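S.K.: Sharing entry_5.tsv (TSV, C-alpha atoms and all ligand atoms) below.
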```tsv
chain	number	residue	atom	x	y	z
A	1	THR	CA	13.83	50.92	-89.98
A	2	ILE	CA	16.25	53.55	-91.27
A	3	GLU	CA	19.13	51.07	-91.34
A	4	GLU	CA	16.98	48.94	-93.65
A	5	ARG	CA	17.78	51.61	-96.22
A	6	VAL	CA	21.51	50.93	-95.87
A	7	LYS	CA	21.23	47.17	-95.53
A	8	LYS	CA	18.87	47.29	-98.51
A	9	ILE	CA	20.89	49.49	-100.85
A	10	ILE	CA	24.16	47.70	-100.11
A	11	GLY	CA	22.55	44.35	-100.83
A	12	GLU	CA	20.83	46.02	-103.76
A	13	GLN	CA	24.09	47.52	-105.02
A	14	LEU	CA	26.39	44.52	-104.60
A	15	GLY	CA	23.89	41.91	-105.77
A	16	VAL	CA	23.73	40.22	-102.37
A	17	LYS	CA	20.59	39.55	-100.36
A	18	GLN	CA	19.95	41.37	-97.10
A	19	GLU	CA	21.23	38.47	-95.02
A	20	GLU	CA	24.52	38.09	-96.90
A	21	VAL	CA	25.94	41.35	-95.51
A	22	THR	CA	27.40	40.44	-92.14
A	23	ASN	CA	28.54	43.48	-90.18
A	24	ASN	CA	32.02	41.99	-89.74
A	25	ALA	CA	32.72	41.67	-93.47
A	26	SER	CA	34.66	44.13	-95.63
A	27	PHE	CA	33.24	45.53	-98.86
A	28	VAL	CA	36.59	45.65	-100.63
A	29	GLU	CA	37.18	41.89	-100.75
A	30	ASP	CA	34.46	40.11	-98.78
A	31	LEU	CA	31.74	41.56	-101.01
A	32	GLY	CA	33.89	41.53	-104.15
A	33	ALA	CA	33.10	45.19	-104.89
A	34	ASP	CA	36.04	46.86	-106.63
A	35	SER	CA	37.13	50.50	-106.51
A	36	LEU	CA	34.53	51.35	-109.14
A	37	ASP	CA	31.90	49.30	-107.31
A	38	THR	CA	32.81	50.78	-103.93
A	39	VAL	CA	32.60	54.33	-105.27
A	40	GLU	CA	29.25	53.53	-106.84
A	41	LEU	CA	28.10	52.07	-103.52
A	42	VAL	CA	29.14	55.01	-101.35
A	43	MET	CA	27.67	57.42	-103.88
A	44	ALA	CA	24.40	55.48	-103.84
A	45	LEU	CA	24.30	55.61	-100.05
A	46	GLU	CA	24.96	59.35	-100.06
A	47	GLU	CA	22.27	60.06	-102.66
A	48	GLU	CA	19.86	57.80	-100.77
A	49	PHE	CA	20.34	59.83	-97.60
A	50	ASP	CA	20.81	62.99	-99.69
A	51	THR	CA	23.63	63.74	-97.25
A	52	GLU	CA	27.27	64.45	-98.05
A	53	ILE	CA	30.29	62.28	-97.26
A	54	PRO	CA	33.70	63.59	-98.37
A	55	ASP	CA	35.76	60.92	-100.07
A	56	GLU	CA	38.20	60.92	-97.15
A	57	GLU	CA	35.40	59.88	-94.80
A	58	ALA	CA	34.22	57.44	-97.46
A	59	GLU	CA	37.62	55.76	-97.26
A	60	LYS	CA	36.74	54.46	-93.78
A	61	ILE	CA	33.45	52.77	-94.72
A	62	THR	CA	35.22	49.67	-96.07
A	63	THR	CA	33.40	47.51	-93.49
A	64	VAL	CA	29.69	46.70	-93.40
A	65	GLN	CA	29.01	48.17	-89.96
A	66	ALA	CA	30.71	51.50	-90.68
A	67	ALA	CA	27.99	52.14	-93.27
A	68	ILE	CA	25.38	52.72	-90.58
A	69	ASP	CA	27.90	53.98	-88.01
A	70	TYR	CA	28.52	57.22	-89.88
A	71	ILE	CA	24.87	57.44	-90.95
A	72	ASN	CA	23.40	57.22	-87.47
B	1	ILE	CA	49.00	57.69	-120.54
B	2	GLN	CA	48.05	58.61	-124.08
B	3	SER	CA	50.81	56.43	-125.52
B	4	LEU	CA	49.71	53.44	-123.45
B	5	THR	CA	46.06	54.03	-124.31
B	6	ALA	CA	46.85	54.01	-128.01
B	7	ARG	CA	48.88	50.84	-127.55
B	8	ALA	CA	46.21	49.06	-125.51
B	9	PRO	CA	43.68	47.75	-128.09
B	10	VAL	CA	46.36	45.88	-130.00
B	11	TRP	CA	47.69	44.28	-126.83
B	12	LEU	CA	44.27	43.30	-125.51
B	13	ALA	CA	43.21	41.76	-128.81
B	14	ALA	CA	46.53	39.97	-128.89
B	15	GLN	CA	45.86	38.61	-125.41
B	16	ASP	CA	42.33	37.43	-126.18
B	17	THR	CA	43.70	35.62	-129.23
B	18	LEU	CA	46.63	34.02	-127.40
B	19	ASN	CA	44.39	33.06	-124.50
B	20	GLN	CA	42.09	31.20	-126.86
B	21	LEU	CA	44.88	29.68	-128.95
B	22	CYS	CA	46.66	28.50	-125.83
B	23	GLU	CA	43.76	27.04	-123.89
B	24	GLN	CA	43.21	25.21	-127.15
B	25	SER	CA	46.56	23.66	-126.30
B	26	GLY	CA	47.17	21.82	-123.05
B	27	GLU	CA	49.75	24.37	-121.96
B	28	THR	CA	50.32	27.97	-120.94
B	29	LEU	CA	52.77	29.80	-123.19
B	30	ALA	CA	55.01	32.52	-121.80
B	31	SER	CA	57.74	33.28	-124.33
B	32	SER	CA	58.53	33.44	-128.02
B	33	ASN	CA	61.00	30.66	-127.35
B	34	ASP	CA	58.28	28.80	-125.46
B	35	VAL	CA	56.28	29.05	-128.68
B	36	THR	CA	59.17	27.69	-130.75
B	37	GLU	CA	59.57	24.74	-128.41
B	38	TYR	CA	55.84	24.10	-128.74
B	39	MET	CA	56.41	24.14	-132.49
B	40	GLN	CA	59.07	21.47	-132.11
B	41	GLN	CA	56.72	19.33	-130.04
B	42	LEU	CA	53.98	19.75	-132.63
B	43	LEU	CA	56.34	18.76	-135.42
B	44	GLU	CA	57.37	15.62	-133.56
B	45	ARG	CA	53.76	14.69	-132.86
B	46	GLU	CA	52.97	15.23	-136.54
B	47	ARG	CA	55.86	13.15	-137.84
B	48	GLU	CA	54.69	10.42	-135.49
B	49	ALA	CA	51.01	10.54	-136.43
B	50	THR	CA	51.91	10.36	-140.10
C	1	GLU	CA	32.49	88.30	-106.44
C	2	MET	CA	32.03	85.34	-104.10
C	3	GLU	CA	28.25	85.37	-104.50
C	4	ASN	CA	28.56	84.46	-108.19
C	5	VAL	CA	30.72	81.48	-107.25
C	6	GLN	CA	28.02	80.47	-104.78
C	7	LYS	CA	25.48	80.43	-107.60
C	8	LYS	CA	27.94	78.48	-109.75
C	9	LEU	CA	28.16	75.84	-107.04
C	10	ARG	CA	24.37	75.68	-106.94
C	11	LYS	CA	24.45	74.89	-110.65
C	12	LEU	CA	27.12	72.26	-110.10
C	13	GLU	CA	25.07	70.63	-107.35
C	14	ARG	CA	21.93	70.49	-109.45
C	15	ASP	CA	23.95	68.67	-112.09
C	16	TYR	CA	25.70	66.43	-109.60
C	17	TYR	CA	22.90	64.81	-107.65
C	18	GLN	CA	21.10	64.05	-110.92
C	19	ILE	CA	24.18	62.32	-112.31
C	20	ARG	CA	24.14	60.33	-109.07
C	21	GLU	CA	20.53	59.35	-109.71
C	22	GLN	CA	21.42	58.14	-113.19
C	23	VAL	CA	24.39	56.11	-112.02
C	24	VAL	CA	22.68	54.44	-109.08
C	25	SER	CA	19.65	53.52	-111.17
C	26	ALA	CA	21.86	52.15	-113.95
C	27	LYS	CA	23.84	49.97	-111.55
C	28	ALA	CA	20.64	48.73	-109.93
C	29	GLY	CA	19.33	47.68	-113.33
C	30	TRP	CA	22.61	46.28	-114.60
C	31	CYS	CA	23.04	43.98	-111.60
C	32	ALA	CA	20.53	41.58	-113.17
C	33	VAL	CA	22.45	41.28	-116.40
C	34	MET	CA	25.58	40.52	-114.40
C	35	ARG	CA	23.58	37.85	-112.58
C	36	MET	CA	22.85	36.43	-116.01
C	37	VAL	CA	26.56	36.72	-116.80
C	38	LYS	CA	27.01	34.40	-113.84
C	39	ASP	CA	24.94	31.92	-115.82
C	40	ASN	CA	28.49	31.30	-117.04
C	41	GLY	CA	27.71	31.49	-120.69
C	42	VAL	CA	29.86	34.57	-120.15
C	43	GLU	CA	33.34	34.63	-121.52
C	44	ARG	CA	35.17	36.69	-124.10
C	45	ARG	CA	32.24	35.30	-126.07
C	46	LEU	CA	30.30	38.07	-124.31
C	47	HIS	CA	32.73	40.14	-122.25
C	48	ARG	CA	34.79	41.95	-124.87
C	49	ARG	CA	37.03	44.20	-122.79
C	50	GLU	CA	39.00	45.71	-125.65
D	101	LIG	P1	39.87	50.54	-109.39
D	101	LIG	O1	40.62	49.68	-110.38
D	101	LIG	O2	38.48	50.01	-109.09
D	101	LIG	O3	39.65	51.96	-110.13
D	101	LIG	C1	38.99	53.02	-109.39
D	101	LIG	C2	38.95	54.29	-110.24
D	101	LIG	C3	40.34	54.93	-110.26
D	101	LIG	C4	38.54	53.94	-111.67
D	101	LIG	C5	37.94	55.28	-109.64
D	101	LIG	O4	36.62	54.88	-109.98
D	101	LIG	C6	38.07	55.37	-108.13
D	101	LIG	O5	37.65	54.46	-107.42
D	101	LIG	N1	38.67	56.45	-107.64
D	101	LIG	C7	38.85	56.68	-106.21
D	101	LIG	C8	38.25	58.00	-105.77
D	101	LIG	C9	38.86	59.16	-106.53
D	101	LIG	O6	39.82	58.98	-107.28
D	101	LIG	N2	38.32	60.36	-106.36
D	101	LIG	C10	38.64	61.50	-107.21
D	101	LIG	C11	37.87	62.74	-106.82
D	101	LIG	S1	38.09	64.09	-108.01
```
Let's see the structure in the file written out as structure tokens.

M.R.:
Amino acid sequence: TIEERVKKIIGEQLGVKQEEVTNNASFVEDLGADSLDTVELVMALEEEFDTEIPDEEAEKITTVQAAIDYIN
Amino acid sequence: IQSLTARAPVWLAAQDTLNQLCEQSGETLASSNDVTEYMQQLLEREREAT
Amino acid sequence: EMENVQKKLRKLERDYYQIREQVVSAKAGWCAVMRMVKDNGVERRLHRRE
């Protein structure tokens, strides 16, 4: 479904398969994505949905679940 | 920022080199003195081996 | 006056999303070479930060 986008791109972006991304984990350290990687990730999500997410809102997406929470 | 940027390449090359040279040794160096003491150890090992 | 700034922002946007496209595609592609890097032949032999 639509979330498959997110769960895809994240796994696509951070080099982790779909199943690796538990909702409870945190991108910053659990997924090993650094500031550069996290910015790339959020930007990829935003372009994918062609939506807009101001960086301040982006700052809250540190956890896996938040990714879809804001989306949906 | 510009000063540090200009300085950087030298320092990073210096690191790379020390990193290699040190892992070559069974030790982690931390100080110029530390290096001199390592020199003393090397000299003793040499004057033994000979 | 404001209408011209509106058009300027349109120009900025048309640049911006396209830069996003580039970056996301590049990272997608480059993930595989980092996977290879995790073949652990990687070191300053390959990763040459300076
Ligand atoms: P970190 O060592 O991963 O470095 C991050 C970074 C400073 C290079 C940069 O990519 C970043 O993550 N910046 C945070 C967002 C930001 O600064 N926005 C500026 C908007 S004009």

S.K.: Write as a list in words the residues around ligand LIG 101 (chain D), taking 8 Å as the cut-off and counting all atoms listed in the file.

M.R.: residues 34, 35, 36, 37, 38, 39 and 55 of chain A

S.K.: Got a sec to pull out which chain C residues are within 8 Å of chain B, counting only C-alpha atoms, and send them as a list in words?

M.R.: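 Filtering chain C at 8 Å from chain B with only C-alpha atoms gives residues 44, 49 and 50 of chain C.
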
S.K.: Pull out every residue of chain A that has at least one atom within 9 Å of chain C, counting all atoms listed in the file, and report them as a ChimeraX atom specification.

M.R.: /A:12-15,40-41,43-44,47,50

S.K.: For a test of reading the model, state the distance in Å between CA of residue 18 in chain B and CA of residue 33 in chain C, rounded to one decimal.

M.R.: 27.5 Å

S.K.: Can you write out as JSON lines which residues of range 10-31 of chain B fall within 12 Å of range 37-48 of chain B, alongside each residue's closest atom pair and its distance in Å to one decimal, counting all atoms listed in the file and ordering rows by chain and ascending residue number?

M.R.:
```
{"residue": "B:22", "atom": "CA", "partner": "B:38", "partner_atom": "CA", "distance": 10.6}
{"residue": "B:25", "atom": "CA", "partner": "B:38", "partner_atom": "CA", "distance": 9.6}
{"residue": "B:26", "atom": "CA", "partner": "B:38", "partner_atom": "CA", "distance": 10.6}
{"residue": "B:27", "atom": "CA", "partner": "B:38", "partner_atom": "CA", "distance": 9.1}
{"residue": "B:28", "atom": "CA", "partner": "B:38", "partner_atom": "CA", "distance": 10.3}
{"residue": "B:29", "atom": "CA", "partner": "B:38", "partner_atom": "CA", "distance": 8.5}
{"residue": "B:30", "atom": "CA", "partner": "B:38", "partner_atom": "CA", "distance": 10.9}
{"residue": "B:31", "atom": "CA", "partner": "B:37", "partner_atom": "CA", "distance": 9.6}
```

S.K.: Could those residues be written to a file, using C-alpha atoms, as a PDB file, in the coordinates of the input?

M.R.:
```
ATOM      1  CA  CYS B  22      46.660  28.500-125.830  1.00  0.00           C
ATOM      2  CA  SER B  25      46.560  23.660-126.300  1.00  0.00           C
ATOM      3  CA  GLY B  26      47.170  21.820-123.050  1.00  0.00           C
ATOM      4  CA  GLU B  27      49.750  24.370-121.960  1.00  0.00           C
ATOM      5  CA  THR B  28      50.320  27.970-120.940  1.00  0.00           C
ATOM      6  CA  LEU B  29      52.770  29.800-123.190  1.00  0.00           C
ATOM      7  CA  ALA B  30      55.010  32.520-121.800  1.00  0.00           C
ATOM      8  CA  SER B  31      57.740  33.280-124.330  1.00  0.00           C
TER       9      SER B  31
END
```

S.K.: At what distance in Å, to one decimal, does CA of residue 19 in chain C lie from CA of residue 60 in chain A?

M.R.: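 So the two atoms, CA of residue 60 in chain A and CA of residue 19 in chain C, lie 23.7 Å apart.
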
S.K.: Any idea what's packed within 10 Å of residue 22 in chain A, counting all atoms listed in the file, ignoring anything in its chain fewer than 5 positions away? Could you give it as a PyMOL selection string?

M.R.: chain A and resi 7+30-31+63-65

S.K.: Go ahead and fit an axis-aligned box to every listed atom of range 41-50 of chain B plus 4 Å each side, and pass me the centre and edge lengths in Å, one decimal, as lines of an AutoDock Vina configuration file.

M.R.:
```
center_x = 54.2
center_y = 15.1
center_z = -135.1
size_x = 14.4
size_y = 17.4
size_z = 18.1
```

S.K.: Please report the interatomic distance between CA of residue 17 in chain B and CA of residue 45 in chain C in Å with one decimal.

M.R.: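 CA of residue 17 in chain B sits 11.9 Å away from CA of residue 45 in chain C.
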